[PDB]
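Reviewing the structure listed below.
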Amino acid sequence: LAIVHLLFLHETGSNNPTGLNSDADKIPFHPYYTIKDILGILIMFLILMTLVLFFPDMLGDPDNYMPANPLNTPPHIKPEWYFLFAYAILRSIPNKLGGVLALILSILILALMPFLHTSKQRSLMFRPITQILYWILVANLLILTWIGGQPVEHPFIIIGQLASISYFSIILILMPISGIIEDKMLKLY
Amino acid sequence: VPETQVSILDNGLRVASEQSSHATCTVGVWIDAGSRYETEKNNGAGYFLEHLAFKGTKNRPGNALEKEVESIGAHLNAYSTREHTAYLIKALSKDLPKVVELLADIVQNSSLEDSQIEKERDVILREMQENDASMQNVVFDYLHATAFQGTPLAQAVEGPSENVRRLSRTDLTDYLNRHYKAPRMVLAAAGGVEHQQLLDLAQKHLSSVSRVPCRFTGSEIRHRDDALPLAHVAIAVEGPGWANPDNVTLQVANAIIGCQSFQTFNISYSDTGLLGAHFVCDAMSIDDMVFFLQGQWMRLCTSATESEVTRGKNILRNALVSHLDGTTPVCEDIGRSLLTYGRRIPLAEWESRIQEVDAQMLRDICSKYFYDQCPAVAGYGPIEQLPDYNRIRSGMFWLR
Ligand code: HEM
């Protein structure tokens, strides 16, 4: 699927942070960007080996070092960190089914993302209001990651419920309206 | 082959001649003065003086100069490079008496009528407005700009339109009075001339002429204009020089190399130069050619063959200029030899320096000048597929 991912991209070429047509300024990759990917590989290996050789259990759970007991359930069950944002959403919706669906949508909302683009500019380099909304989205994604960790009790629950409401409202509603407003400010709309 | 006999006069002007049985003669004056001696405030002084030099001197006001040199039946000629300026006349030998007096006026006693100055300015300017049509010259005047950035060797012979418009008699007078010294001048004659008669004529006329860190930068200039049908690309490294002995082993290397219009050049200036290749190709193939070129340079550097060297020595052998080539070609060689080497190198010495070249010293000298060197690249036209500097620099060497 990653090979298919690379193919569906070369047909169009990569994007640039300005969001403009970069056909006037393109350079080779092997001599030019490879030393950049090699440097990024080296930095990622530095972070991976300082995660392995120095703090090998800062991201895992201690209760996984006990054998599986069906008769006892660890009181505090938390899915791993990167599933937390989803975990929060699931816990937030009162209805079980609702939670499952919202959870799925949490990931799927992204797929839905290319149909929500209502701006005449591709990138957010020249779009400050949608930049603010994007960083608020990153902020409450971090909040949902924290909440998942917290146990079920006040006021963690309410934050979770709001944070999920704010997440879906920023992705679904606030960004296209903000893009319309930004197009209106540049005398385009 | 008859020897070239050189004498020296009071002024310091040299009088070189190489008698031959051909009937006409090519008498010229060379001067060690070009765009390299200009200091960016008079960047077109030599070119504009080269335009003004045939428009009349005190002795020959108006069209007199052209008229007489026309009447005698002499095709006068002139040219300017980055280091040398030449004024030469091809004429029936018997006319030396006037072929020499006329040349004397052209170098001294010249008159730069301001009226004429105005017109020549327009001429130069307008032509320059169109000199852009000579793509090859453009490519070669940037292969110079980007290779000799910050030096007087980057600036063109014609100069920028700016200076052309902003030039005055006095400035010209200066360039004339500064870079036209007698010790930096050679009176060269080729063909049916006697050396003693030419020496007496130089003593009679022209005996009045007054007696008084270039660097290569591996770089790249890319002029992209996609509307042009063809692309011209020149890649060069630092040539040894004019006097450097290895020049000859480099000429043989060029004779080994010989997409499209893939010429090869060894341009030499005073202890510097540009050694490389210029090729014009459809945009889509620029990449291929650039690579092919490299592979070839590399072939010589590590894999020469006596056979091919021979092919190269022989072609070089048939390039040497001689009485057969004619008077002008020879004069021209006499003037450049006295200006650059200080002497006329005979063809026997050239043949000795050619026959001492073998394959081992050719690949040694080619590895000295081509292998792992930073080139200067100049492209003009649809040059998007022309590779950038890392790919060319990596093609300047082989892993194996
Ligand atoms: C399996 C994990 C993934 C891998 C290994 C992967 C790998 C890559 C690679 C190698 C590229 C080309 C290099 C680059 O653009 O930086 C790329 C581009 C891209 N990927 Fe992914 N990707 C993954 C997941 C995703 C996901 C989940 C998304 C959607 C959110 C995504 C969207 C994109 C986009 C849009 C580009 C083009 C970026 C651009 O040029 O603007 N990828 N991916």
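Every residue, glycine as well, gets a Cβ built from its backbone with ideal geometry; the counts of neighbours run over all protein chains shown. Each reported figure results from applying straightforward, stated rules to the coordinates on display, with no laboratory input.
Can you say whether A:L53 is over 26 Å from the mean Cα position of the chain (by Cα) and either among the hydrophobic types (A, V, I, L, M, F, W, C) or within 30 Å of A:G148 (Cα to Cα) (or both), as far as the supplied structure shows?
yes
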Q. Taking the stretch B:136-166 as the search range and keeping residues that are of a type in the set (A, V, I, L, M) and assigned to a loop (DSSP other than H, G, I, E, B), which one is surrounded by the most Cβ atoms within 10 Å (Cβ to Cβ)?
A. B:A147
Q) If we only count helices (runs of 4 or more DSSP H) wholly inside the stretch A:1-92, which ones have 2 or more residues that are more than 16 Å from the ligand (Cβ to nearest atom)? A) A:34-52, A:81-92
(Q) If I filter the stretch A:1-31 down to residues being farther than 26 Å from A:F126 by Cβ and within 14 Å of another protein chain (Cβ to nearest Cβ), which single residue comes out as surrounded by the most Cβ atoms within 10 Å (Cβ to Cβ)? (A) A:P31
Q: Scan B:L103, B:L88, B:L96, B:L153 and give me the residue that is in contact with a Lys or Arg (Cβ under 6 Å, 6 or more places away or on another chain) and either of a type in the set (A, V, I, L, M) or within 30 Å of B:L230 (Cα to Cα) (or both).
A: B:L153
Q) Within the set of pairs 6 or more residues apart or between chains, which connect a residue that is among the hydroxyl-bearing types (S, T, Y) inside the stretch A:1-27 to a residue that is more than 12 Å from the ligand (Cβ to nearest atom) with Cβ atoms less than 6 Å apart? A) A:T18/A:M125
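Just to be sure, is A:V100 more than 14 Å from the ligand (Cβ to nearest atom), away from chain B (no Cβ under 14 Å) and surrounded by 10 or more Cβ atoms within 10 Å (Cβ to Cβ)?
Criteria met by A:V100.
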(Q) Between B:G379, B:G342, which is more than 14 Å from chain A (Cβ to nearest Cβ) and either touching a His at 6+ places or on another chain (Cβ under 9 Å) or closer than 19 Å to B:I257 by Cβ (or both)? (A) B:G379
Q: Would you please name the residue that is farthest from the other protein chains (Cβ to nearest Cβ), looking only at residues in the stretch A:32-58 that are exposed (fewer than 11 other Cβ atoms within 10 Å of the Cβ) and touching a helix residue (DSSP H, G or I) at 6+ places or on another chain (Cβ under 9 Å)?
A: A:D57
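Can you tell me how many residues within the stretch B:382-400 are more than 14 Å from chain A (Cβ to nearest Cβ) and either under 20 Å from B:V139 (Cα atoms) or of a type in the set (F, W, Y) (or both)?
First, pick out the residues of the stretch B:382-400 that are more than 14 Å from chain A (Cβ to nearest Cβ): B:398, B:400.
Next, only the ones that are either under 20 Å from B:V139 (Cα atoms) or of a type in the set (F, W, Y) (or both) stay: B:398.
Adding up the residues that qualify gives 1.
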Q.
Return the residues of the stretch A:103-118 that are within 16 Å of the ligand (Cβ to nearest atom) and of a type outside the set (A, V, I, L, M, F, W, C); say none if nothing qualifies.
A. A:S106, A:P114, A:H117
Q) Picking from B:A33, B:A78, which residue would you name as being within 23 Å of B:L338 (Cβ to Cβ), of a type in the set (G, A, S), in contact with a helix residue (DSSP H, G or I) (Cβ under 6 Å, 6 or more places away or on another chain) and part of a loop (DSSP other than H, G, I, E, B)? A) B:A33
